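Step one of this worksheet: look at the structure below.
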Amino acid sequence: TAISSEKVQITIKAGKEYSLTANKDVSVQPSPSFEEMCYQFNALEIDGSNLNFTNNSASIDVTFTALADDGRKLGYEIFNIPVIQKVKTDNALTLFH
Amino acid sequence: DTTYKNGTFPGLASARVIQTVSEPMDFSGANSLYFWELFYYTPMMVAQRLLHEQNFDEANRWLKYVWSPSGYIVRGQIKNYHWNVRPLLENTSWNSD
Amino acid sequence: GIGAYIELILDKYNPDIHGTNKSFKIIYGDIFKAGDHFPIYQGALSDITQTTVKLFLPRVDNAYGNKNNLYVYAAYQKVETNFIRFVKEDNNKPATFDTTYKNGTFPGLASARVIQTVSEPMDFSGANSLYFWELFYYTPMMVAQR
Amino acid sequence: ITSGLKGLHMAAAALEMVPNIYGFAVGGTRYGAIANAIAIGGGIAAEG
Amino acid sequence: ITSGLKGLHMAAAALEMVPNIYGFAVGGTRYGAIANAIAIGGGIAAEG
Amino acid sequence: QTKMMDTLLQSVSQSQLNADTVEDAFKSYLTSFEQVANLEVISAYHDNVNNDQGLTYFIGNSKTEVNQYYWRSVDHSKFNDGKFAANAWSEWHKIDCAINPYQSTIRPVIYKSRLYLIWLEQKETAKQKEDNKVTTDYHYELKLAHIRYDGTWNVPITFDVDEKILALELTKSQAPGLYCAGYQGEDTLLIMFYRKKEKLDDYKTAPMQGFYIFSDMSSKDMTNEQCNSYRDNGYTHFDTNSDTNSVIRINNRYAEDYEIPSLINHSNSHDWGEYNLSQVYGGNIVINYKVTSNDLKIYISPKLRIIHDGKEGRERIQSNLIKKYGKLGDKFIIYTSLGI
Amino acid sequence: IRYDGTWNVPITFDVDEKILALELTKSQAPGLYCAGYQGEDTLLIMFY
Amino acid sequence: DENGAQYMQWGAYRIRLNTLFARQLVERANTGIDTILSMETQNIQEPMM
């Protein structure tokens, strides 16, 4: 049942994987309890380049995961963040009576 | 209050959450009767009235908004919970006497 | 508004030229910017020269290429390449072909046509189409059933 | 004969927008003739 | 279609509060448009 | 089915049917068709930030006096091959609240995913100028009304804007331009007034009148150093001097160079671990983005949460047993094959 | 008129300029001339 | 409160009197009844007193 802070990690997919680990990014370790183990992370920069835009839209997936110390996994929780971009070359739509 | 424990912990164990702003809504507060009449009494009354008029599958899909025995599927994913009303998961006496 | 109705009958499906697929896309290009537009018509090929598509064709009165105001090519699976074009006068007199002896080559193209049409027959696919269906079909059916 | 008679009410409501007191006192027009006509039309449709 | 049409009456009642006679004679507004609209709403609810 | 066919069917819903009764019912249906076939579009509003996606709402005019304004919707996602398929459109719907614009100055707007109609309205007054005479004045007021869930319209909200319209330098019989857009981060209904010019690039220099509308329908006026950003971002959506055969445009929702949501709480997918003993669930990300050129600086703070609950059956109750007596970090032997 | 036989709400036009342009005494209506026109469909009207 | 809450300071007690549930219900109520009666709708949060 032991849970290392080293094997609680994040990858985020915005062009590349920016693999993050809780051991250096948790400010204060939560207390060992079966009920809730809340890990608060720090300010995490995401570089806006390397985002391809199809239909002027991009998406950034975050993968929460956790690994027990024996090697089994506690389960994952994948999220999804859309990024939508405004172009300038298109004018507004006119009505032509 | 930080010296090394101004406050002793004779029966106390720890201190926690810094970061929460909003709280989940209460089914025990002032507006709680309207929440009950929205979430529980409305599908029950619709389902009873549809049952007495021999219209069956519509009564079944109205009962499934409350208690699905087969589990709920939201956007492809089967959810964990088995009851659809939240104070049924967590018993909350909202009438003392 | 101002523009033309033109029709481009297309050549027969030779897979020597048309590639493996009978699917094609006619395209629009060269307006509003120097980039590429997208499908003013999409259809399919046949062994008979069956593709004959009467298309309205929109025009800003001041095109950026003033030498010849409007350009269309035809793309498909194998070859999708850049051709030369048409030209409309600024007059109400409608458009001809951009005339040297074929600026625009006709690799799968056959001919260019109608100058003289002003109005078009109404559409049962447009915005008001539901009201046209409820007028012409659903009303005599419902009267006759009743 | 109910006729869409709300058009006939809206005739009066549109006809009563203009100010009628002239001279020094200017104005005096009703402003709510429109919504009152829409109200009596909403009643007359239910009766029909 | 009875729609809570008392809202549509109260639109007119709220819209008719302002004084319309301007110039020297100031005022001229109805004051009882509100209670009259509440009255016609109380009637229309019973009819519904 | 429209209500046109409904009142036709109701017109023919009886037993004794003569042909001429059917004829008169058909003439009534024909008049009701005539009424909505002549509809004219005053103005419109686009939903999404860019033209390729989202919806679009139109506002209809009739060729009658005091108008029964209509609205319909259309999607841009069902567009393909140079033409909307006919299911991408919607039916016209009737608007019930009494609306009387000036010079047909009215735009719809989608604030907090609810349709709002906003328009300008003009009342004539008369001040006393009296050395001799009585002068005539106009004052302008602003209205705002929104739809309810069932389809009825609320009583409109009054705002006095004669100060700001008097601030703009306007001749008579010319309505000021109106600009109105939604705004997702910092949810606040934008509104800007402007004199109509002939050129779009003239509006980069035109001073602006406008304010903000919060969730409480309270106003806050624009400071011009704040309005400079909005004017520099959205100068292309303004309108020219609109005579007949002149240029009137549509409005998108407002955003600058990138549009990013602030917080996520709902999961997109999650999963049980091995042996269905525990799972990672209930996480959330707050997002702070900074906008600068040739990049984007997104700053997130994901808050992970690990719980310990079993799947229903033997797993939840073995999770409860291993929750009670043992502490976190111990080793346990659990038994899968439990039969009678 | 409409198709079924009902009448529309009338359209307003202000013509005090042109009637004031004609030199008219009181209690005498100006003549009115009004005709259709097929080519170039346009409702003719002349005061005199 | 600034953020939209209201409460009565009953000595040391703060007790909530209204809620912003109808504000944030509008987004959920857009697409149909199924979304309205979800567990997800039931977990909409209310700001700090």
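Only the coordinates and a few stated rules stand behind these numbers; no lab work does. Neighbour counts are summed over all protein chains in view; Cβ atoms, including those assigned to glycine, are modelled from backbone coordinates with ideal geometry.
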Neighbour count of at most 11 Cβ within 10 Å plus DSSP loop: longest GluC sites (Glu not before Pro)-free window in chain F: F:199-340
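Hey, can you rank H:35-48, C:81-94, F:100-113 by average C-beta count inside 10 Å, highest first? It would help to have the intermediate numbers written out before the result.
Numbers: H:35-48: 16.1, C:81-94: 13.7, F:100-113: 18.1.
Ranked by mean Cβ neighbours within 10 Å, highest first: F:100-113, H:35-48, C:81-94.
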Output the pairs from B:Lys64/F:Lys78; A:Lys88/F:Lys204; F:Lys129/G:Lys26; A:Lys86/C:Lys54; C:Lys25/C:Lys54 with a Cα-Cα distance over 23 Å in this structure; if there are none, say none. B:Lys64/F:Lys78; F:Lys129/G:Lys26; A:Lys86/C:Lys54
May I ask you to list the residues of the range E:20-34 whose amide nitrogen lies under 18 Å from a point 7 Å from Cα along the Cα→beta-carbon direction of G:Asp16? E:22
For the Cα atoms of chain E, what angle does the longest principal axis make with the long axis of helix E:6-15, in degrees from 0 to 90, nearest 10? 0 degrees
Please compute, for peptide H:14-21, the average count of beta-carbon atoms on other protein chains lying within 10 Å of each residue's beta-carbon. 4
Any idea which of A:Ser49, A:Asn23, A:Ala68 is furthest toward the positive side of the dipole for chain A, if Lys and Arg beta-carbons carry +1 and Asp and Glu beta-carbons -1? A:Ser49
Using a 10 Å cut-off around each Cβ of peptide F:316-328, what is the average number of partner chain Cβ atoms that fall inside? 2
Starting from the Cα of A:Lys24, draw a straight line to each of the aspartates and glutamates and keep only those under 19 Å, dropping any in the same chain fewer than 8 residues away. A:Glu6, A:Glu45, A:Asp69
Can you give the convex hull volume of the alpha carbon atoms of the range F:270-318 per residue, in Å³? 76 Å³
Eligible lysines near A:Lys16 by straight Cα distance, threshold 18 Å, same-chain separation 8 or greater: F:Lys297
Assigning unit charges at the beta carbon (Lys, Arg +1; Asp, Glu -1) and nothing else, what dipole magnitude in debye, to the nearest 20, does chain A show about its Cα centre? 340 debye
FRET E, pair D:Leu5, F:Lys204, Förster distance 60 Å, beta-carbon r, rounded to 0.05: 0.70
Sorted largest first, extent of the protein assembly as shown alpha carbons per principal axis (Å): 111, 85, 71
Report, in whole Å, the centroid distance computed from the Cα atoms of the range D:8-36 and chain H. 45 Å
Ranking request for peptides F:295-301, A:44-50: highest mean number of other beta-carbon atoms within 10 Å first, then the rest in descending order. F:295-301, A:44-50
Computed E for F:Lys78/C:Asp61 - FRET, C-beta separation, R0 45 angstrom, nearest 0.05: 0.90
Within 10 Å of each Cβ in H:25-38, the average number of Cβ atoms from other chains: 3
Tell me the mean residue ellipticity at 222 nm calculated for chain B from its helices only (DSSP H runs of n ≥ 4, each -39500 (n - 2.57), averaged over every residue, nearest 500). -7000 deg cm²/dmol
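If a/c stays under 1.5 just call it rounded; otherwise compare a/b with b/c (prolate if a/b is bigger, oblate if not). Do that for chain C, with a ≥ b ≥ c from the square roots of the Cα gyration tensor eigenvalues.
Because a/c hits 1.5 or more and a/b fails to exceed b/c, chain C counts as oblate.
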Select from F:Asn48, F:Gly82, F:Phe26 the residue farthest towards the positive end of the dipole of the range F:14-113; place +1 on Cβ of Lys and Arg, -1 on Cβ of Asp and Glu, and compute about the Cα centre. F:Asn48
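Report the GluC sites (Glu not before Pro) located in the range B:25-60 that are in a DSSP loop and have at most 14 other Cβ atoms inside 10 Å of their Cβ, or state none. Kindly include the intermediate steps, with their values, before the conclusion.
Details: sites: B:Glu37, B:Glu53, B:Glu58; in loops: B:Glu53.
The qualifying sites are B:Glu53.
With a cut-off of at most 11 other beta carbons within 10 Å, and DSSP calling the residue loop, which trypsin sites (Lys or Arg not before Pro) in the range C:40-72 qualify? Please list them.
Working: sites: C:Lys54, C:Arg59, C:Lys67; in loops: C:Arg59, C:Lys67.
Passing both the DSSP loop test and the Cβ count: C:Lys67.
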So how tilted is helix D:33-47 from the main axis of chain D? Cα-based, degrees 0 to 90, rounded to 10. 10 degrees
Would you kindly calculate the translational diffusion coefficient of the range B:7-93, applying Stokes-Einstein with the Kirkwood radius from alpha carbon pairs, for 4 °C and a viscosity of 1.567 mPa s, and quote it in µm² s⁻¹ without decimals? 79 µm²/s
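How big is the charge dipole of the protein assembly as shown about its Cα centre, in debye rounded to the nearest 20, if each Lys and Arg gets +1 on its Cβ and each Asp and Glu gets -1 on its Cβ? Write down the numbers at each step before the final one.
Numbers: 79 positive and 97 negative charges, 257 e Å.
That gives a dipole near 1240 debye.
Could you sort out which of B:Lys79/F:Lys323; A:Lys73/F:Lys112; F:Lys220/F:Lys303; F:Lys127/F:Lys199 sit more than 32 Å apart by Cα distance in this structure? If you can, show how the numbers build up before the last one.
Values: B:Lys79/F:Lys323 23 Å; A:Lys73/F:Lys112 41 Å; F:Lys220/F:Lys303 35 Å; F:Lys127/F:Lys199 36 Å.
Where the Cα-Cα span goes over 32 Å, the pairs concerned are A:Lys73/F:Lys112; F:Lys220/F:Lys303; F:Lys127/F:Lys199.
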If you place +1 on the Cβ of every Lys and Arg, -1 on the Cβ of every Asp and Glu, and leave all else neutral, what size is the dipole of the range F:66-219 about its Cα centre, to the nearest 20 Debye? 380 debye
Fewest to most neighbouring Cβ within 10 Å: what's the order for F:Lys331, F:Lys197? F:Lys331, F:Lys197
Kirkwood hydrodynamic radius of chain F from all distinct Cα pairs, in Å? 25.6 Å
Positive-end extreme of charge dipole, the range F:1-143 - chosen from F:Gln103, F:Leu39, F:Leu115 (charges on Cβ): F:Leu115
For a protection proxy built on the mean count of beta-carbon atoms within 10 angstrom, sort B:77-87, G:9-19, D:5-15 highest first, please. D:5-15, B:77-87, G:9-19
Where a Cα-Cα gap under 17 Å defines reach, which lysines qualify for C:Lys102, not counting those fewer than 8 residues away within the same chain? C:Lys67, C:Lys88
Just to confirm my numbers, what's the Cα centroid distance between the range F:143-177 and the range F:58-92 in Å? 23 Å
